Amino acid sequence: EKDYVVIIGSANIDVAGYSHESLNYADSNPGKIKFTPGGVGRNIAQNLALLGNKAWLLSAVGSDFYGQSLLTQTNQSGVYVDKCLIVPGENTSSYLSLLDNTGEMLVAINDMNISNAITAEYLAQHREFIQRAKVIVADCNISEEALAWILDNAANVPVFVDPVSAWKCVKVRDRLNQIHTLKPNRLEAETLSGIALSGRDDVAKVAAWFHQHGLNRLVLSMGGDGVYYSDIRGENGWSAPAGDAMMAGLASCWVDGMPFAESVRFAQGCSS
C-alpha cells in the first residue's frame, strides 16, 4: 500500500522508421514512422506498473517538449514520473531505428548522453525516498558513478540491475557483491566473467564465477537454450520451456514474495 518500487535508468523515445518499398537512398522515401516509449529503465518501470506495483521512475529527459511527453506517456501507463529530471536544454534520450519491409534492422543510432545527467547528486536528493522502496531496479545506462551511488546507498534494499548491453554491463563487474539480482544475456555474461559461454556446458563455470565475485542471484538468458538461474546459496536450474518484461517480472515477483525459481519462470512468461 505504501510499498513502492524505484527504477533508476533511462527513458528514450524509440523512433522506428521503415520504408514501404525498396529504400531509394535519394529524397523522402515514403514509409511508416512510429514513436515509442523506451529506455531499459523506463520500460521496466512501466512493466512494473502494469504488473500492479507502485513504480517510481528516476530518470532524465530534456526540456524539449517531447521529453515531457515521454514522461506523461509513461505516467498514463501507471508510472510515477513525478521525480524525474527535466534537464534544461538537453536532447531527451532517443533510440533511432531503421527497419526493412521485413522489419529487418538495418542501422541503429543511439543518443543518450542525457543518461549521464542521472547523477549521484540527483539520486542523493532522493536518498530517503530510494532507501524506502521495497526494491530498487537500476539499469547500466547510468554512469559508473551513479550506479556506484545506488549500490553504496541502497540501505539493505535489494538492487536488481539490468545490464543493458555488453558495452554498458561492465560497470557492474567490480560491484556484483552489492547486486541482489543481475540479468545478463549470453554475451553480457561472457563480457563480465571473461569466460566463453559457448553453450549450456559452460554456464556452470560462468555462474560459479559470478558467485565467487559476490553475486547473490544470476538470471542468465541463453536465448534459445532458455534461462539459467543461480542463487549463491546453491539453488540453480534451467527454465527452457522482452528482457524489459523479464526484469519487471523478477522484481515484481520478489516484492510479491515469490521464490527465486518460480519468479524466473514467471518472468520468462511475462517475456513471451
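Sequential numbering from 1, following the sequence displayed.
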* Structure fact -> Looking at residue 241 and residue 242, the deposited sequence has unmodelled residues in between totalling 10 or more
* To do: Would you mind comparing 158-166 and 122-130 for me and telling me which has the higher average C-alpha temperature factor in the entry?
  => 122-130
* Asked: Comparing 63-71 with 232-240, where is the mean C-alpha B-factor higher?
  -> 63-71
* Criterion, highest CA B-factor; candidates, 249, 9, 259, 17 -> 17
* To do: Going by the CA temperature factor in the entry, name the top one among 86, 192, 197, 182.
  => 86
* By its CA B factor, does residue 210 count among the lowest, middle or highest third of the modelled residues in the chain? -> lowest
* Asked: What third of its chain's C-alpha B-factors does residue 26 belong to: lowest, middle or highest?
  -> highest
* Asked: Against its chain's modelled residues, does residue 41's Cα B factor rank lowest, middle or highest third?
  -> middle
* Third of chain Cα B-factors occupied by residue 177 -> lowest
* To do: Pull the Cα B-factor of residue 102 out of the PDB entry and bin it into the chain's lowest, middle or highest third.
  => highest
